[PDB]
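Notes follow once the structure below has been shown.
2 protein chains.
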Amino acid sequence: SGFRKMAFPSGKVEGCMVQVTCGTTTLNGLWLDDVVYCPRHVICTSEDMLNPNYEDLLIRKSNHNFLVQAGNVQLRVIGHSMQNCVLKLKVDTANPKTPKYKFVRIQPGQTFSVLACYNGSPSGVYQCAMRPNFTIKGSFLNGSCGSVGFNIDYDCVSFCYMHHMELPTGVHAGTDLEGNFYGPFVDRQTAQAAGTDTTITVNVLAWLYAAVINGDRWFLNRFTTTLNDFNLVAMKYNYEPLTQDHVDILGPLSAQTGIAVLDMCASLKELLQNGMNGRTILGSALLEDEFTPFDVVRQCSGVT
Amino acid sequence: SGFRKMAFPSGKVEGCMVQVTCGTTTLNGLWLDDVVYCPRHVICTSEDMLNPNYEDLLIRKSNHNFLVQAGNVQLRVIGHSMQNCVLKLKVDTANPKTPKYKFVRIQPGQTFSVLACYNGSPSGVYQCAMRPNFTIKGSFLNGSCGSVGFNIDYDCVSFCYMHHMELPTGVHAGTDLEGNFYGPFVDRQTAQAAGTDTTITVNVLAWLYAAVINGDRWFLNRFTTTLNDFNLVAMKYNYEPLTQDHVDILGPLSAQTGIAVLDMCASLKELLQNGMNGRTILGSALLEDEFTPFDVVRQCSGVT
Ligand SMILES: Cc1cnccc1N1CCC(C(=O)NC2(C#N)CC2)CC1
Ligand SMILES: Cc1cnccc1N1CCC(C(=O)NC2(C#N)CC2)CC1
């Protein structure tokens, strides 16, 4: 037992990280087959980032201006193209460590692992969630751009995020691996403010189920509620509305614990209204929302 | 910016995980060079675990009773020996993926990454700390034993933990890679209660420095204190005493922020006495103690 914020094992993604340099800008690339994917802003000077015309800046760049290094070995760039906000650098060598992989675009509330990298070299791995305002709360310094987010289903890596930007408020924005930003964000150094960072209700409920499975039971109360009544309280507390789809997803955890989803919603309603009174759940003094129901089942069942 | 509970990239350790089966017991082993290390309780029947005589149980075991599988390939066991609470299974094949490595015995308050495994297959990676009572708060199900804890210095893996036991209170105990338990724990299914789980003060202070570096500044107050005055409050709150050695270790973070260590201790003293008043620091409503000062510098500087 015990319940931890757990990342996927990072080895399959470590095998794909490379360094990409263009002029004086270095960041990370993702090497899959004979393509390296990286943020298009690799071509920007610090001055360029204010109002960059990427099509115009890219005209001044040739294949030989993209320096791609895998470990301490140089890869030969034989083509480049821009797709949305990513560059695809065709290299003459397929990555021999390419895992089975997919590109997926996740929904707000979905969790993934980030392999934070600098100069193509892995620094650390952590779990986060796509927030309801399409930001992520990461840990990214200068040269972390092109670090990726992913999920693993057995031996298949689903890449869902590539890091591009830090907003003036220190939260993070990026793209899927087709180069489309999550949410309204752009790869320019300009006024971009995030909307409300609401709490991912379905994920809190999953985590409360994890708490019961792991013996933390004090918050269970004698009440129930309805989706509509719960949602009036969720709204007041900047929680995402709970849908019947979410109730259905929490079905397997409902079955495992014998606690009806709406009973757990009524326990959550009291926690919101009453607070924790100085108590902890799974070692947290706040209600954790970066575990999906699938995460809780996966971790509570030991999937590899 | 941003500050996350970050594990080391797990790839170098994934390359070392194997499955070890003895009779009807399966758990994990660590394959380094031509030795597989695993908990000696692999030889126990559930009945054996109550009062096991490991020397006597081991007499009934031969090399061929230890089944070691690396991926879906069988390794030939050509020797076995017991060292403290681990078995060393000599195999006829050096692990071709053996990283540079060391075995280290860590001190309470030191952090490390765990690669949670089942049947030799990696499930997830998370960061934890050696608690002052020599437990760890992990996430371990049946068949997680032999999962390891480690730190990485560039390309050298320092293995510091191997998982053996879950106490009746759901906290975890294990050994270094010489098979010596951390703290007073034994590999028997008997009454073993943990002592006080005190808070790792030096680590809280490091994390408060991380908070200031990442813009969370509200808790900084107009006060200072002395080690002796602080330690009277630490004692009252089940915090570890702060030593001049800890003050020296927090030196580089003191330098980076311009906040004297004793001023930060006085901010911590007020947080202990006043609580958070519903506020958060780096997204936590409690004072986080599983980042060492070295962790905070490493993450705030982007070491790979
Ligand atoms: C910190 C960070 C995190 N994640 C992605 C990017 C990040 N930074 C964005 C601003 C960059 C910068 O300082 N640019 C200027 C210059 N010269 C204009 C000031 C540094 C990197
Ligand atoms: C859950 C866990 C976590 N970390 C390490 C070990 C862990 N378990 C220890 C008790 C085991 C067990 O059920 N043994 C009996 C039988 N049959 C006597 C009941 C199961 C594995």
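One line per chain: the protein sequences are A and A', in this order. A prime marks a further copy of an entry chain.
What the first sequence shows, in the deposited numbering, is residues 1 to 304, in sequence order.
What the second sequence shows, in the deposited numbering, is residues 1 to 304, in sequence order.
Backbone N, C-alpha and C fix where the C-beta goes; we use that ideal spot for every residue, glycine too.
Open item on the list: Under 9 angstroms, CB to CB, which of the residues in the stretch 276 to 296 of chain A have a partner in chain A'?
Closed with: From the stretch 276 to 296 of chain A, only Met-276, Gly-278, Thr-280, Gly-283, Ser-284, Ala-285 and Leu-286 have a Cβ closer than 9 angstroms to chain A'.
Task: Status (buried if at least 16 other CB within 10 Å, exposed otherwise) for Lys-5(A) - done: Your numbering for residue 5(A) matches position 5 in the first sequence. Around the beta carbon of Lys-5(A), 16 or more other beta carbons sit within 10 angstroms, so the residue counts as buried.
Open item on the list: What residue range does the alpha helix (DSSP H) around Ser-81(A) cover?
Closed with: As a working mapping, residue 81(A) is identified with position 81 in the first sequence. First-last for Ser-81(A): 77 to 83, but that is the beta strand (DSSP E), not the alpha helix (DSSP H).
- [ ] Return yes when the C-beta of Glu-166(A) is under 6 angstroms from any heavy atom of ligand 1, and no when it is not.
- [x] Position 166 of the first sequence, counted from the first residue, corresponds to residue 166(A). Checking every heavy atom of ligand 1 against the Cβ of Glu-166(A), one is found closer than 6 angstroms.
Open item on the list: Going by C-alpha to C-alpha distance, which of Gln-299(A'), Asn-142(A'), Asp-216(A') and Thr-135(A') sits closest to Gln-107(A')?
Closed with: Translated into positions along the second sequence, residue 107(A') becomes position 107. Checking every option, the nearest Cα to that of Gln-107(A') belongs to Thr-135(A').
- [ ] Indicate, with yes or no, if ligand 1 has a heavy atom lying under 6 angstroms from the CB of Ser-123(A).
- [x] The count along the first sequence starts at 1 and reaches residue 123(A) at position 123. No - ligand 1 has no heavy atom lying nearer than 6 angstroms to the Cβ of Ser-123(A).
TODO: Verify the CB distance criterion: does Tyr-182(A') have a CB-CB separation below 7 angstroms to chain A?
DONE: Counting from 1 along the second sequence, the entry for residue 182(A') is found at position 182. Chain A contact via Cβ: absent.
- [ ] Check whether the Cβ of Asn-277(A) lies closer than 6 angstroms to any heavy atom of ligand 1, and answer yes or no.
- [x] Walking along the first sequence from the start, residue 277(A) turns up at place 277. Not so, every heavy atom of ligand 1 lies at least 6 angstroms from the Cβ.
Task: Start and end residues, beta strand (DSSP E) containing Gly-23(A) - done: Walking along the first sequence from the start, residue 23(A) turns up at place 23. For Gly-23(A), there is no enclosing beta strand (DSSP E), as DSSP marks it with neither H nor E.
TODO: Check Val-303(A') in the structure and name its three-state DSSP category.
DONE: Within the second sequence, numbered from 1, the residue matching residue 303(A') stands at position 303. It is coil, neither helix nor strand.
Open item on the list: My output table needs one value for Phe-181(A'): the three-state DSSP class, helix, strand or coil.
Closed with: Here residue 181(A') refers to the residue found at position 181 of the second sequence. Strand at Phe-181(A').
TODO: Give a single yes or no on whether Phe-140(A) has its beta carbon closer than 6 angstroms to a heavy atom of ligand 1.
DONE: As a first step, residue 140(A) is located in the first sequence; it is residue number 140 there, counting from the start. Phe-140(A): yes, Cβ under 6 angstroms from ligand 1.
- [ ] Can you tell me which of the three DSSP states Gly-174(A) falls into?
- [x] Numbered from 1 along the first sequence, position 174 holds the residue referred to as residue 174(A). In the structure shown, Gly-174(A) adopts extended strand secondary structure according to DSSP, grouped into three states.
TODO: Could you list which residues in chain A have their beta carbon closer than 8 angstroms to that of residue 306(A'), in chain order?
DONE: Here chain A' comprises residues numbered 1 to 304, so residue 306(A') is not present and cannot be evaluated.
TODO: Locate the alpha helix (DSSP H) running through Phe-230(A), then write down its first and last residues.
DONE: Walking along the first sequence from the start, residue 230(A) turns up at place 230. Counting along the chain, the alpha helix (DSSP H) containing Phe-230(A) begins and ends at 227 to 236.
Task: CB-CB length for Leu-286(A) against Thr-280(A'), believed under 8 angstroms - done: Taking the first sequence and counting its residues from 1, the one referred to as residue 286(A) is at position 286. Taking the second sequence and counting its residues from 1, the one referred to as residue 280(A') is at position 280. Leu-286(A) to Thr-280(A'), Cβ: 7 angstroms. Contact.
TODO: Spell out the partners DSSP gives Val-68(A) in its beta bridges.
DONE: Residue 68(A) sits at position 68 when you count from the first residue of the first sequence. Partner(s): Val-20(A) and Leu-75(A).
Task: Unbroken beta strand (DSSP E) run spanning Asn-63(A), endpoints - done: As a working mapping, residue 63(A) is identified with position 63 in the first sequence. For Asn-63(A), there is no enclosing beta strand (DSSP E), as DSSP gives it neither H nor E.
- [ ] Return the chain-ordered list of same chain residues with a C-beta closer than 6 angstroms to the C-beta of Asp-216(A), the five sequence neighbours on each side being excluded.
- [x] If you number the first sequence from 1, residue 216(A) lands on position 216. Only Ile-281 and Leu-282 meet the Cβ criterion.
Task: Which residues DSSP lists as bridging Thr-199(A'), in chain order - done: Residue numbering aside, residue 199(A') sits at position 199 when the second sequence is read from its first letter. Paired residue(s): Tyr-239(A').
TODO: Mind checking which residues open and close the alpha helix (DSSP H) that includes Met-264(A')?
DONE: As a working mapping, residue 264(A') is identified with position 264 in the second sequence. Annotation: the continuous alpha helix (DSSP H) that includes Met-264(A') extends over 261 to 274.
Open item on the list: I'd like to confirm something about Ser-46(A'): is its beta-carbon nearer than 6 angstroms to some heavy atom of ligand 2, or not?
Closed with: The residue given as residue 46(A') occupies position 46 in the second sequence. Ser-46(A') Cβ: within cutoff of ligand 2.
Open item on the list: So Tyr-161(A') contacts chain A; which residues on that side make the cut at Cβ distance below 7 angstroms?
Closed with: If you number the second sequence from 1, residue 161(A') lands on position 161. Within chain A, not a single residue places a beta-carbon under 7 angstroms from that of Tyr-161(A'); the smallest gap is close to 14 angstroms.
Open item on the list: I'd like to confirm the pairing. Which residues does DSSP put opposite residue 309(A') in its beta bridges?
Closed with: This structure cannot speak to residue 309(A'), because chain A' is shown only from 1 to 304.
Task: Cross-chain neighbours of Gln-299(A) in chain A', by beta carbon under 9 angstroms - done: Residue mapping note: residue 299(A) aligns to position 299 of the first sequence, counting from 1. Near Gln-299(A) (Cβ distances below 9 angstroms), the residues of chain A' are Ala-116, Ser-123, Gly-124, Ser-139 and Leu-141.
Open item on the list: Could you pull the DSSP bridge partners for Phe-112(A) from this structure?
Closed with: Along the first sequence, one-based indexing puts residue 112(A) at 112. By DSSP's assignment, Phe-112(A) forms a beta bridge with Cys-128(A).
Open item on the list: Let me make sure I understand the geometry here. Which of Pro-99(A'), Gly-29(A') and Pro-293(A') has the alpha-carbon closest to that of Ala-255(A')?
Closed with: On the second sequence, position 255 is the one that residue 255(A') refers to. Residue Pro-293(A') holds the alpha-carbon nearest to the alpha-carbon of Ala-255(A') among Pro-99(A'), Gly-29(A') and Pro-293(A').
Open item on the list: Can you determine whether any heavy atom of ligand 2 sits closer than 6 angstroms to the C-beta of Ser-144(A'), and answer yes or no?
Closed with: For the purposes of this step, residue 144(A') is identified with residue 144 of the second sequence, where counting begins at 1. Correct: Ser-144(A') has its Cβ closer than 6 angstroms to ligand 2.
TODO: Out of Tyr-239(A), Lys-102(A) and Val-18(A), state which residue places its alpha-carbon closest to the alpha-carbon of residue 320(A).
DONE: Coverage of chain A is limited to positions 1 through 304, which leaves residue 320(A) absent and any answer about it impossible.
Task: Interface flag, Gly-215(A) vs chain A', CB-CB below 7 angstroms - done: Indexing the first sequence from 1 puts residue 215(A) at position 215. Taking CB atoms only, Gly-215(A) has a neighbour in chain A' less than 7 angstroms away.
TODO: Can you pull the chain A' residues whose beta carbon is under 8 angstroms from the beta carbon of residue 308(A), in chain order?
DONE: Residue 308(A) is absent from the model: chain A starts at 1 and stops at 304.
TODO: Kindly list, in the order they appear in chain A, the residues whose Cβ is closer than 7 angstroms to that of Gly-170(A').
DONE: In the second sequence, the residue the question calls residue 170(A') occupies position 170. Residues of chain A with a Cβ closer than 7 angstroms to the Cβ of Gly-170(A') are, in chain order, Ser-1, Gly-2, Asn-214 and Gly-215.
Task: Interface flag, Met-165(A) vs chain A', CB-CB below 7 angstroms - done: Working through the first sequence from its first residue, we reach residue 165(A) at position 165. It does not; no Cβ of chain A' falls within 7 angstroms.
- [ ] Give the DSSP bridge partners of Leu-87(A), in chain order.
- [x] Here residue 87(A) is taken as the residue at index 87 of the first sequence, counted from 1. In the DSSP output, where bridge partners are listed per residue, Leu-87(A) has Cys-38(A) and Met-82(A).
TODO: Report yes if the CB atom of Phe-112(A) is closer than 7 angstroms to the CB atom of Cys-160(A), and no otherwise.
DONE: Here the question's residue 112(A) lines up with position 112 in the first sequence. Here the question's residue 160(A) lines up with position 160 in the first sequence. Yes; because the gap between Cβ atoms is below 7 angstroms, this pair is in contact.
Task: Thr-24(A) versus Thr-45(A) - alpha carbon distance - done: Counted from its first residue, the first sequence places residue 24(A) at position 24. Counted from its first residue, the first sequence places residue 45(A) at position 45. In a straight line, the C-alpha of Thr-24(A) is about 8 angstroms away from that of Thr-45(A).
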